[PDB]
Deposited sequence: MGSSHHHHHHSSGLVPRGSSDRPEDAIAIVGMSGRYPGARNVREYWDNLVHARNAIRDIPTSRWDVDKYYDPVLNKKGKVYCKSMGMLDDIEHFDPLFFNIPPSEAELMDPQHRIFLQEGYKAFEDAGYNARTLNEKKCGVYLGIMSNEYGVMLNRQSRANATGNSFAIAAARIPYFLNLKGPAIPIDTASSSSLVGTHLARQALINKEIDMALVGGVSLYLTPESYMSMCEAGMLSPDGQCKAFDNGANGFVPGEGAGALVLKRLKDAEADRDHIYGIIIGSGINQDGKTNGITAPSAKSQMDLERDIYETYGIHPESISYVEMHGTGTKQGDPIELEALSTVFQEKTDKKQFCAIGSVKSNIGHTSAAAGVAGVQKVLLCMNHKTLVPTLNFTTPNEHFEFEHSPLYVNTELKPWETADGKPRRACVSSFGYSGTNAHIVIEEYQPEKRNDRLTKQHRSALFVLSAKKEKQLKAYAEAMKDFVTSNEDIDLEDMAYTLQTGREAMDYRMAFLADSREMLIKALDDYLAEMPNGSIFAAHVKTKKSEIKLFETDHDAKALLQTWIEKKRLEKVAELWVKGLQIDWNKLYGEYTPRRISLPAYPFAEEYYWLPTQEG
């Protein structure tokens, strides 16, 4: 049991959703993001990402000329993988030399082909390794290609390595794009889908000790093969049942405790009756209770997203748990006498009696390698100085807008958690701004003044350069401390924007706030494609 794995960070980019918050808002409103394929790229519809050519190579210390040579899958994953770490409240400083493994679901290598007719950089290997190379992580970095089960197979491997104590953190993800018509048509009536997502995992006990924010807990997982089926793309009912049963047995999970399953299938393809029967039979081995478990699939919203399917599904489940809300599955065997029902409504996600909500995700690929994972709701033991920095001023401004939007959408935000998170959970980069605020309304006002260039005496800003501070010595340091303990946050703000390193923990005595989810770095949006 105390082999529980916490999910402490997430980031996701899917058709119709540039981030996890849009994603949620789309699911809540039952939005279908599938569109007709346009000429700009080249059945006839697809869940597509937008602006797949955009990248911020300088952020990652990659020359612009090399960006053109990078598979966009690699680029987009670097970006999302990175943002997941910030979502968790981790930065370059705090990640440097961590034994963080990286497990990257990825199943196509098309861009490299496209280029070699003009001309290695675009291997699966290098894809997995870009993040560790950028952030100096020390856990293994392994791409996983099991077709559509990839990101969920990666999740299982990460879980096992954490439980074994071989790593102390994992980044697991997936990414899929269809850059040629050929790659589309390899999928498929699977409406093929694009996407890219990442999760950050730690052992639960480390997540609690370090005071991470915890979206949920993985309490079981397993993987297996179909073996011999009637054609390699056809599923095995027995293999699915064995998978599910073996996980529930191994980790002592009673099927009655499970109230949602994020299916592999949409309900409407060839293999999908089998998935339904298998799950239902395994549940019925242990209970005569009827229609207590909702099922659905986000593939009805965003298409069948290949290697990223697992991470997209997990993220949906976590978002449902966090809001205690089940959301429709779109356009979906004898349900009446089964444990299952198809949830087509937006409704509260109910629990029995304080018991945490539990859900599964399934992900089964064309090559017959299957994965299934069980997730449990985490049930916690439940003037500020705001700082923002970016590597270019234009990105700093975009940061301040993303923060303003977030505060405006989220009347509930705890201001002290937000500031603490901005202090300790983001890297101080060269273009810097800071301000004081004691209420939500003051906070919005400062951000608005900063954006509108309205003077405001609570706002400070500078570009680091190579500054001339006499403090960095003894008597000056003692004064800084004096300012902290007297809460002269103006003075702290002023110096911090000019480049002075502040030990943020000293701002806090009795009460220490918590890192929470905030929007992550707003990457430049620069175009790079085949030279």
{"query": "Gaps in the model (deposited sequence, numbered from 1)", "finding": "1-22, 65-81, 159-162, 232-250, 395-400, 451-460, 551-554, 614-617"}
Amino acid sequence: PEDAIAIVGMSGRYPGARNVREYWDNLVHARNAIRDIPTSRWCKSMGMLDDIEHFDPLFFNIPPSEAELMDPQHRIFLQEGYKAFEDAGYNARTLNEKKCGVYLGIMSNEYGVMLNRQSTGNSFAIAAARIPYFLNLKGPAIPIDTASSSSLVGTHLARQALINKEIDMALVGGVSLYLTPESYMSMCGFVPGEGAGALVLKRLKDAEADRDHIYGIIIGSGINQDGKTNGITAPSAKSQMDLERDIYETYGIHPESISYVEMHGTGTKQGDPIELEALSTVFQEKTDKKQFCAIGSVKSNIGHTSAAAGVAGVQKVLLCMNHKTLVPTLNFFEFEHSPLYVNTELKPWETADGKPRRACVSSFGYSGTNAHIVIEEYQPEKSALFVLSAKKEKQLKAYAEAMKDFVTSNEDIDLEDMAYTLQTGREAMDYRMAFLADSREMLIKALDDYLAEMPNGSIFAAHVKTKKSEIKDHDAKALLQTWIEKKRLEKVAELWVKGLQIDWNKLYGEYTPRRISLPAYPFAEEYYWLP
From here on, numbers count along this sequence of modelled residues.
query: Of 429-437 and 214-222, the one with larger mean CA B-factor; finding: 429-437
query: Entry-level comparison of average CA B-factors, 407-415 and 356-364, reporting the higher stretch; finding: 407-415
query: Most elevated Cα B-factor in the entry, residues 453, 242, 194, 376; finding: 453
query: C-alpha B-factor winner, where the candidates are 227, 121, 143, 174; finding: 121
query: Lowest, middle or highest third - CA B-factor, residue 182; finding: highest
query: Assigned third (lowest, middle, highest) for the C-alpha B factor of residue 254; finding: middle
query: Ranked C-alpha temperature factor of residue 132 among modelled chain residues, by third; finding: lowest
query: Third of the chain, ranked by Cα B-factor, where residue 339 sits; finding: middle
query: Record-listed C-alpha B factor of residue 308: chain third; finding: lowest
